[PDB]
Each structure stands twice: as C-alpha cells, then as structure tokens.
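Participant: Quick one: the structure is below, questions incoming.
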C-alpha cells in the first residue's frame, strides 16, 4: 500500500512564496503520476497540475501557469509544488494524489493528507475571551444557554472546552469566521438546565497553540 | 533362398547435446512491458517443444503456422522468443489479423505468421497490493505498427493541430499508460505473461531443431538400421577392426557400405548382409 | 475546457432510501468520469472510475452508469457513513475539471429553532467594540433567516453568520449571528432585537433587550 506523507500548515504573507512537499512513504517514486488539488475553505475542489516523476514531465493548468512550478526528487521520492506571488485568495488546503501514468482514465486513488496554507498579513495574536452570560432568564423555565465568545485571534485554531473536559452534553462550538480586520472569531455555547444556574459554575478554558495562551473565564449571571 | 525379412527397425542417433535453455525465457524473474518487449534470439541447439506442450501449466498455446506435434520433426534455421506481460482480456489480440490498442500499435504479428504463441496466468508475481506500476503500454501513436516492429520513444502525442512543445496540455497526451495490477482483480484484468516463438527458415542451413529418438541396439538379429541417415539391412556384430577418429562409415571393395559405428558408445559394428541363398 | 455541473445541490434524504446524483457534462467526455466522496475534515476518496468501475474496497452499493454527457451515481441503500459531499471529475483531457458537489443530508421531522440573545458584556465594553450574539439552537432544516432590528431599524451589511455541521445524535443544526458594531453606536441606541423566520415556526419569533437595563 502506497502512502503520501505531506508537509505541515504554513502561515504566510501576501506576495511571498510557499513550497508544499508530498513525500511518498515507502521509499522512492515509480511510474505513479502525481497531481496537485486544492480546496478553498467552504468550497469545492480545484485541479492545478500534475507531474510525471520518473519520465520528467510536469506542467500546471493555464490559469496557474507562470506561477506554479512542480518538481520532483526521485532519490528521496519527494515532489514539490512551489507557488509564487501568494495572494489573499490563494489560502486553501492543498492535496497531492497519485493517479496512474497517463492522464485519462483511472483517477486519483491514493490521496495525501492536506497542507493548510493560510496567507494573510496579521501576527500571532492571543484570543480575547468574553463571557456570554445566561441573559433573559425567561425562555422555558428549565433550559438556558450560556458560553464565552473567543474574538480577535490569529491564526487558527483555538480549542474551547468546558469544565476541563468534564462537560460535553449539549455543547456547540461554531466554526471560526474570518473578520474584515483579518482576525478570526468563534463562539462556544452550552445548553444548561435552569436549575443548575446559581449553584454550578462553568468555566471555558481556551487553548491557542501558536500563542500558548491558557485562559479561564468563569461565566456567571448578569451580575444579579 | 531363405530370403526372410528383418524382425523390425532400429534407429540410433548421437547423445542429446546442449538442451537449448528455454528455462530462462519461461521461468525468468521479471518480464518486460508490452511496449518494450524482449527478442532473445536462439541459435544452434536442440529445442525440446515436447515439455512446453504437455506442461499442464499454460492457458493459451494456440499454434498457427505449424502443427504442435510436428514441432519435433521440422527443423529451422533460427528461432526467436518475444516476451511481455499483458491483461487477460487482451491475450486474444495476440494473433495475426487482429486489432486493438495492444495488437495494432504495441505488438503487431504478421498475417503470414509461422511460429506461435504461449501465454499463462501469473497473478502471484506481477500483482502486488497497491498496484504494480512496472508494466506500461502505449495507447497513442501517430500511425499503426507494421509487423514485428518495436517502438520505445516517449515523445508526447499531439492529438490536435496545436504546437505541443514537450509538455502535456490541450490535446497533448502522454503516450504510455500503466497497469493497475492489484491482487483483488477478476480474470481478464489479471497479468498474463506471453511468450511468442517465431520460427525462421533462412537460406543458411538449419541449426536449431528437435532431438532425435534413439532406440536400443540389437546384435545377431536381422533388423533395419538407421545411423545418422544411412539406412539398409543386415546383421550387426562386433568386429576386430578400427576406424579413424573422424570417419563414421567405410565402403568396401566393389564400393558398398560394410561397417558403421553406432553414435552412442563409439563402438565399431559390421553390417554383414543377412544370410541369403 | 469542459464544464461539469452536478444536480441537485443538496439532495437530503433518509437512511435506507436510494440516492441519485447527476454529473451532466458540458462537452462530451467519452466515458472517463471519476466519482469521489469527501467527508467533513477529511481527504476525498475515489469510488467509481471509468464511470462504471468500482475502486478497491468500495462496497457494492455504489453503482455508476451513463456515458457521453449525462452520468449518474446511485447508492442503493444509504448507511450512516454514506452522508458526505460527492464530486465528479472528467479525466477526458487537459485540464481535469471537477464538479460542484452534493451534500447528501439526513431528513427528519421539522424542528423549531430555540432563540437566545446575549447582550455585550461590560468586560467586552472596555474597548470600543460591542458585539451582540443571537443564537439559534437545534432546528431543522438548514434554511433559516436571521435579521436584526436595532431600535426597529433594519440592520444589514454589518452582521456575520456561522452554522455548525449536522448533529450526530438528532441531525439538528445550530446557528449563530453576531452584531459587530462600535461602542459609540451601541451607546447611541436603545433597543436591539433579532428575528427568526423558519419553515417549522408558525410566526417569526423576536427576542429583544434594552441597552443597559438588564
């Protein structure tokens, strides 16, 4: 069985260069044929180009010509997809997948793993956790939703947990949405019975890895 | 004149020489891709097609130019042996006057084909999990192949009328294609190693052909002898004579054959005519 | 440049039914069409190649047909791991274009969205930005509209929406919209509200709060 081990996530800046690798786990190359596919956040799939490693043939789609350059290292069994003049719309998850010698027929059967390329002009900023108090205690007399709202952090991801992982029933963590300023934001709410309010204390502990921040915000009622 | 007739006939020929090793053509470790096939050429030897026929391990042995059982009797100047691996649904294309993508411009057999073709399934050497990508085949060409022509060039095929410039693109296909040989595959998609013998009768004397069938000698009885072609009758018995190293038969006074050396023990025998009158 | 177009866009059904996807090609790919399945947060995997050949390891329920410009992928018996996004690619000639996609959902009885609205906290008001969050919880189907009325004035162009994936226990979604605005704007106005219009709601529910008085 062939594997295609790929590189890691690479945050970049506009106008810079990115080089994604797709090493073949198992030694060197053979008559495989490798193509590069990217998928924008919340979109479909896009095909960029392909390389013939052993036969030394490689070019990309006419949209990407003059900007992409696919190369291979047969000794190490590693293929590269150096991409220049990075643009803000070039952020996506880039894949690599072998597809059989000729380009018409079989199809990509073994895929890589994805190399998230985030290209923006912001610096690693810690989250600013703000509380979402259980306001308007009138909904149903027995249900309540509360939670903190992580705002203005960069880059992804941040992991929110409640009561040090001891509370997961009825916990929603919404996907992060990119603001206009260039920083991300996501909420995390939990549905809680109204009886537990005022006796049980809930605390959301965020874990942002790029900026190693460990915040503990205890959410309480509306200051009585 | 008690002119009796001989009991039976005996034929004796020299010992079996070099066995003409087909074993490195049928038991080879790795064959070649059908677009680049081997053409190992045979020469002076003793070809034993009998084991090939009754091997009980082959799937196809359809033989066109000559009968399979007369293979040990006809004698040929030269013999070739092509070898490659193809799919099951494609062995039917290895025949004169056939079309397809692997018979038309991968391996063309002439209409006046005189040799013949052997093919057996090997789904235990050429098929590995994850695919065996060492076996390629051409599926694009400018023109058809004439019989017994090899093509190994890998210039990118230009299907349209646009310049192509050595890279793939719109109407620029890579000529070759791989076999995804995976163990879990139904018959007709599994590898099939194919060997194609093509006997040649050239103006030079024949050097490659089958063994002669010798029999046990008989002494002091009247039989019909055949020693390397010379034939007749008479009693065979030992004689206190000699021959020179290079001389097989002698001719007596009045110029008739009288003594012949059997080509198995290098021992001299006299052909005394059986008593008559 | 061949343009593929799949139909329909979502194709939501129930577990045990039969699915039918179409990859109507623009030009005329002979018979080279590959079908892929992509589950959320994963890599796509090949299912059907050459428009009729099942890839290794794929269960027998995935069957493909069609040729020329009209194709079809049919799943005979849906299973809980058969709900994903399905892409079709034409491997006829340069460049191998993909298709739109089809998020095969799960059908269930229509549910009413619980609505909660949270005013900005005083800690979050230390800076100049105030954000109000209106939360839609455990509804179905996906289509739901949220619109803000600050002092009974329609607010547009300044709110952002985020929806979770389909739940793995009751197949219900969840929605959250944020009212991003400056501190000066927040302190200049009195009443804020969010309205929810859903298929499963008899009337558009609207919850509101008065600035400061809470």
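Heads up, residue numbers simply count up from 1 along the chain you see.
Positions of Cβ are set from backbone N, Cα and C atoms, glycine also.
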Participant: Which residue, chosen from B:7, B:69, B:184, B:265, is annotated O-linked glycosylation site in Swiss-Prot?
Facilitator: B:7
Participant: Name the residue among B:9, B:143, B:153, B:161 that Swiss-Prot annotates as O-linked glycosylation site.
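Facilitator: Out of B:9, B:143, B:153, B:161, Swiss-Prot attaches the O-linked glycosylation site annotation to B:9.
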Participant: Looking at the disulfide-bonded residues B:63, B:75, B:164, which has the shortest Cα distance to residue B:222 (disulfide bond)?
Facilitator: B:75
Participant: Applying a 10 Å Cβ distance cut-off over all chains shown, what neighbour count does residue B:164 (disulfide bond) have?
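Facilitator: So the Cβ neighbour count for residue B:164 (disulfide bond) comes to 17.
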Participant: Would you mind listing, in sequence order, any of the disulfide-bonded residues B:20, B:45, B:75, B:116, B:172, B:222 that have a CB less than 8 A from a CB of chain C?
Facilitator: B:172
Participant: Nearest by CA distance to residue B:9 (O-linked glycosylation site): which of the disulfide-bonded residues is it, out of B:164, B:172, B:209, B:274?
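Facilitator: Going through B:164, B:172, B:209, B:274 one by one, the closest to residue B:9 (O-linked glycosylation site) is B:274.
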Participant: Six or more residues out from either end of the region 'Disordered' (B:139-174), which same-chain residues have a Cβ under 8 Å from its Cβ atoms?
Facilitator: 35-37, 39, 101, 104-111, 198
Participant: Between the disulfide-bonded residues B:20, B:75, B:116, B:209, where is the Cβ count within 10 Å the lowest?
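Facilitator: Among the disulfide-bonded residues B:20, B:75, B:116, B:209, the lowest count of other Cβ atoms within 10 Å belongs to B:75.
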Participant: Count up the helix, strand and coil residues in the region 'Disordered' (B:203-225) according to DSSP, in that order.
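Facilitator: Grouping H, G, I as helix and E, B as strand yields 0 helix, 6 strand, 17 coil.
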Participant: What is the three-state DSSP composition of the region 'Disordered' (B:139-174), stated as helix, strand and coil residue counts?
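Facilitator: The composition, in the requested order, is 0 helix, 5 strand, 31 coil.
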Participant: Using DSSP and three states only, what is residue B:20 (disulfide bond)?
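Facilitator: DSSP call for residue B:20 (disulfide bond): coil, neither helix nor strand.
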